[PDB]
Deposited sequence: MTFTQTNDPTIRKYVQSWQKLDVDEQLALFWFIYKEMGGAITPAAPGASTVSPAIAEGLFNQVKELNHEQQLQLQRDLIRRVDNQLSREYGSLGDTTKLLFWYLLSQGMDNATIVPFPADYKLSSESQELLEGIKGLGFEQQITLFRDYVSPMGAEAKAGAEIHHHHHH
């Protein structure tokens, strides 16, 4: 389980967009009210602002939405990130680009994360999204 922190640290060394790409592809290889609430504030924005929030959450930017995120529990935070992925498959959230290919480093992490067990993956994801926001 020290290997989980290494995934988190490796994940946190990538570019912000690279991080979001890795998170999205993992989603393709696979408290709710509070999450649905924050999720509504997201899809109520313009598609561009939807992108800037997710970046701002990874960058720990200090704004109102990041503060709300940062004030939630780990479970809610991860559920929020799930509803974002669902909102993207349903075209509710700004879509993901087809022509994006993962860096050599990212594809290594992904296959490495494909090796972990479902519960270690959940543990990984919770720790990755837990310190985001403000």
Counting from 1 along the deposited sequence, what's missing? 1 to 7, 38 to 51, 156 to 169
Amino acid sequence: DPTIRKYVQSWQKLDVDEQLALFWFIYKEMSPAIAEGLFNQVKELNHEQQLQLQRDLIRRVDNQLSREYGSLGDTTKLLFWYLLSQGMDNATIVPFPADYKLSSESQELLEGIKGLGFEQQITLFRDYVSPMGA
From here on, numbers count along this sequence of modelled residues.
Segment of higher mean CA temperature factor, 103 to 111 or 65 to 73: 103 to 111
Given 42 to 50 and 79 to 87, the range whose Cα B-factors average higher in the PDB entry: 42 to 50
Entry-reported C-alpha B-factor of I4 relative to its chain, by third, is highest
Lowest, middle or highest third: where is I58 by Cα B-factor in its chain? lowest
